[PDB]
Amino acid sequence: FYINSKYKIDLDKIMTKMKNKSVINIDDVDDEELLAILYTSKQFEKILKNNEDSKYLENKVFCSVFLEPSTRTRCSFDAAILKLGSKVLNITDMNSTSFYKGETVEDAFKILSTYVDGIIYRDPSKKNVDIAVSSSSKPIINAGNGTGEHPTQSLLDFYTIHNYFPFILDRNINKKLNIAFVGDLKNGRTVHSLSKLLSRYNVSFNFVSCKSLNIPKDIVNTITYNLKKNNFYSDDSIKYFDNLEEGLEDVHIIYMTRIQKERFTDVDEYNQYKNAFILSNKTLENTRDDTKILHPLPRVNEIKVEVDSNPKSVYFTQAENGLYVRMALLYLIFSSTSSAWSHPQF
């Protein structure tokens, strides 16, 4: 098993290590584990695109508990479980208070973990996902919470980037990836998580935003500390812009965020913050030829429909890659054992 032909993956070793691991935070995934996730994700991508048998994890029964609507993420996880050949029981159309009708989170997860092999949990509360992990006799995969931990989104973001720029994994002082993060960097927690993961590599960051909505100082400190630890930190590691023409120059990746109207004082202030960072074929003319455009979605008015036709757009491939990354992570964690012959390989 090789990825990029450079890095050998002992999937047998790495699975023994990941068996029954809970994944709450992207920091719960180390270098070896990231390689295993990326290799295994790529096998599921090729197997599914070639219409082959995807049933690499068959006899498992999961519970998916989504205590806020997040239909795209929930469907992606359901699809991953079912495509692997396993089964799932769903709790949706509930919130925290109506699901825990008086009962403690500890009691609920202690009991529910006796019924199933694994739990997928989405809850806007941060307190609750951690209480669930303490109480559960079974592995939990966080599908998103209030603190902005959403490891599967970070992992699929990274998988998408590595497919176009596989050199991010090399940690080569000569092969540096430049990414612009555009829009609401205060509230776009998907930026916070992916920045933490990218800062483990030779990466330079453009933060493109307007005053009130800049990247928070704690994320810059984390980026800085991770770049210093691998000797990739310089005066040029982190640049700040308030406009696209400067921000989008000489970047391999443009990652747009959701700009929600609820985040401004009125609709005036919101329509002037869209319009400024709205992406068009015009704003993309003086980007690199190899630039790829990501967006965690849903896209509303941040990227004009005309860009969908532009070969630099990959936000829909990004969403799709979520299926392959969620299948990979479930396979590595919930497999009973491994043997050589049993792993996915196309």
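In this text, residue numbers run from 1 along the sequence as written. Throughout, rigid core stands for the largest set of C-alpha atoms superposing within 1.5 Å between the two forms.
Rigid core superposition result in 6 other deposited structures of this protein, more deviant of 288 to 296, 275 to 283 by Cα:
Of 288 to 296 and 275 to 283, the stretch deviating more in 6 other deposited structures of this protein is 275 to 283.
State whether residue 269, though modelled here, is left unmodelled in a third or more of the other entries compared.
Yes, a third or more of the compared structures omit it.
Does residue 260, which is modelled here, drop out in at least a third of the other compared PDB entries?
Counting only entries that model residues on both sides, residue 260 is unresolved in at least a third of them.
On mean C-alpha B-factor from the PDB entry, just flag whether 134 to 142 or 121 to 129 is the higher one.
Going by the record's values, the stretch with the higher mean is 121 to 129.
Segment of higher mean CA temperature factor, 209 to 217 or 164 to 172:
Looking at the recorded C-alpha B-factors, 209 to 217 comes out higher on average.
Report the option among 62, 316, 277, 44 whose CA atom has the maximum B-factor in the deposited record.
The record points to 277.
According to the deposited entry, which of 114, 153, 271, 90 has the largest Cα B-factor?
The record points to 271.
Within this chain, which third does the Cα B-factor at residue 77 fall in: lowest, middle or highest?
For residue 77, the deposited C-alpha B-factor lands in the lowest third.
Using the temperature factors of the C-alpha atoms in this entry, rank residue 101 within its chain: lowest, middle or highest third.
Its C-alpha B-factor belongs to the highest third of this chain's values.
With respect to C-alpha B-factor, does residue 18 fall in the lowest, middle or highest third of the chain as deposited?
Middle third.
Hey, what third does residue 240 fall into on Cα B-factor, ranked over its chain?
CA B-factor rank for residue 240: middle third.
When the modelled residues of the chain are sorted by Cα temperature factor, does residue 264 land in the lowest, middle or highest third?
Within its chain, residue 264 is a highest-third residue by C-alpha B-factor, going by the deposited values.
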